[PDB]
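**Q** Please read through the structure below; I'll follow up with questions.
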Amino acid sequence: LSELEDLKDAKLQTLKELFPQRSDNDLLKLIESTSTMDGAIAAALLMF
Amino acid sequence: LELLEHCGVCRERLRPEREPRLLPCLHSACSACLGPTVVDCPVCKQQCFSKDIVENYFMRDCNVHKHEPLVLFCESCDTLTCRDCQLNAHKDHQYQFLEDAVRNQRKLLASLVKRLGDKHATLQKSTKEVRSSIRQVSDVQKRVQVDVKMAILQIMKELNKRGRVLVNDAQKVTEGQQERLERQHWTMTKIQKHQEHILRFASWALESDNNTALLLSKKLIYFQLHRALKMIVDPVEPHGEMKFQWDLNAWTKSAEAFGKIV
Ligand SMILES: [Zn+2]
Ligand SMILES: [Zn+2]
Ligand SMILES: [Zn+2]
Ligand SMILES: [Zn+2]
């Protein structure tokens with residue numbers, strides 16, 4: 001599953017590129033609530 | 001260009017006296033610009049604790065052993081050291097010179113940049129694709145908005161053509177019937193006045209019966225002659241049945257069905 005981890009962490013580092021002030025713990029919950037779609041994560045990010 | 005050299009809040013040119021520090025995000029701002037645990041970037045985020053901030057070393061045109069400078073690269077610690085540190089701290093730590101370790105680092109960063117640059121070449125191309133796609137989406141919204149409207153009018157244009165034609169049909173029928181009726185009221189009243197006149201004169205002559213027989217009996221021929229005029233007047237009223245209540249084609253339930261889909 002070590003491949004699956006990096007594909008998850010990849011999307012996380014990008015939210016910090018866009019909206020960075022919110023914590024690393026907060027973004028991780030939304031990148032599972034979205035199922036790691038590249039765009040739909042940035043959707044729920046703007047919502048909160 | 002005009003900003004890479006400049007500092008943070010004051011945007012000074014890099015003064016090496018300023019003790020400028022380079023954040024992990026690669027932004028640079030002297031320690032005077034930002035004094036205050038975890039330090040945060042003027043632009044990005046507090047990406048790392050202050051323990052991971054180097055001081056920018058840019059003075060255009062060792063930590064421990066004072067004026068002895070660094071020239072030498074400790075291969076076992078990823079960073080440079082002076083001749084002393086590799087005698088006390090890094091004794092027989094396998095070690096290398098600056099001239100070779102820099103050549104390789106430059107050639108690996110050129111690789112990372114040449115690939116990453118080839119990547120940001122596609123955003124410069126996919127930004128234009130998204131930019132043109134938005135105008136399409138809104139154009140493909142305002143053209144479907146007009147195709148429906150103009151198609152609705154083409155239907156209603158032709159329907160009013162076959163709605164007025166049926167009205168003209170009813171128009172024709174009624175002036176034709178009225179022309180018939182107007183010859184049947186014209187015919188009645190003129191025959192009636194002829195009947196009224198004979199009835200009028202014959203009644204008055206007959207009603208005067210006191211020693212009036214001598215005047216009557218001299219005109220019996222023309223009395224009964226003109227009674228034959230009114231014995232056979234020869235018109236009988238016909239009746240035009242009203243069927244315009246049943247020349248309205250009310251198929252209302254069909255109209256909604258074809259309106260339902262489109
Ligand atoms: Zn400054
Ligand atoms: Zn930054
Ligand atoms: Zn070492
Ligand atoms: Zn040293």
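All of the numbers you see were taken from the coordinates with simple rules; none came from a lab. Using ideal geometry, Cβ is built from the backbone for each residue, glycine included, and neighbour counts are taken over all protein chains shown.
**Q** Going through the range A:30-44 one residue at a time, which ones are assigned to a helix (DSSP H, G or I) and over 8 Å from the mean Cα position of the chain (by Cα)?
**A** A:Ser33, A:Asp38, A:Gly39, A:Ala40, A:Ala43, A:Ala44
**Q** So which of B:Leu4, B:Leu23 ends up being within 14 Å of chain A (Cβ to nearest Cβ), touching a strand residue (DSSP E or B) at 6+ places or on another chain (Cβ under 9 Å) and away from ligand 1 (no atom under 12 Å from the Cβ)?
**A** When all the criteria are applied, what remains is B:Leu23.
**Q** Could I ask something else about it? Go through the range A:33-44 and give me each residue that's in contact with a helix residue (DSSP H, G or I) (Cβ under 8 Å, 6 or more places away or on another chain) and either of a type outside the set (A, V, I, L, M, F, W, C) or more than 14 Å from every other protein chain (Cβ to nearest Cβ) (or both).
**A** Within the range A:33-44, A:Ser33, A:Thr34, A:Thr36, A:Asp38, A:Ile41, A:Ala44 qualify.
**Q** Using the structure shown, decide if B:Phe58 is more than 27 Å from A:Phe19 (Cβ to Cβ) and touching a strand residue (DSSP E or B) at 6+ places or on another chain (Cβ under 6 Å).
**A** Spelling it out, it is not the case that B:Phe58 is more than 27 Å from A:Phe19 (Cβ to Cβ) and touching a strand residue (DSSP E or B) at 6+ places or on another chain (Cβ under 6 Å).
**Q** Go through the range B:33-52 residue by residue and tally those that are more than 10 Å from ligand 2 (Cβ to nearest atom) and over 10 Å from B:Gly8 (Cβ atoms).
**A** Residues flagged as more than 10 Å from ligand 2 (Cβ to nearest atom) and over 10 Å from B:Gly8 (Cβ atoms) within the range B:33-52 amount to 10.
**Q** Need a quick list: strands (runs of 3 or more DSSP E) entirely within the range B:4-114 having at least 3 residues that are within 59 Å of the chain's Cα centre (by Cα).
**A** Where strands (runs of 3 or more DSSP E) fall fully within the range B:4-114 and carry at least 3 residues being within 59 Å of the chain's Cα centre (by Cα), they are B:20-22, B:28-30.
**Q** Taking the options B:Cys82, B:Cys30, name whichever one is within 16 Å of ligand 2 (Cβ to nearest atom), over 26 Å from A:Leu18 (Cβ atoms) and of a type outside the set (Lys, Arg).
**A** The match here is B:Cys30.
**Q** If you don't mind, another one. So which of B:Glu68, B:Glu55 is away from chain A (no Cβ under 14 Å), loosely packed, with under 15 Cβ neighbours inside 10 Å, more than 16 Å from ligand 3 (Cβ to nearest atom) and farther than 25 Å from B:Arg15 by Cβ?
**A** Only one candidate qualifies: B:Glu68.
**Q** Can I ask one more? Regarding B:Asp61, is this residue exposed (fewer than 13 other Cβ atoms within 10 Å of the Cβ) and within 16 Å of ligand 3 (Cβ to nearest atom)?
**A** Considered against the rule, which asks whether it is exposed (fewer than 13 other Cβ atoms within 10 Å of the Cβ) and within 16 Å of ligand 3 (Cβ to nearest atom), B:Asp61 comes out as no.
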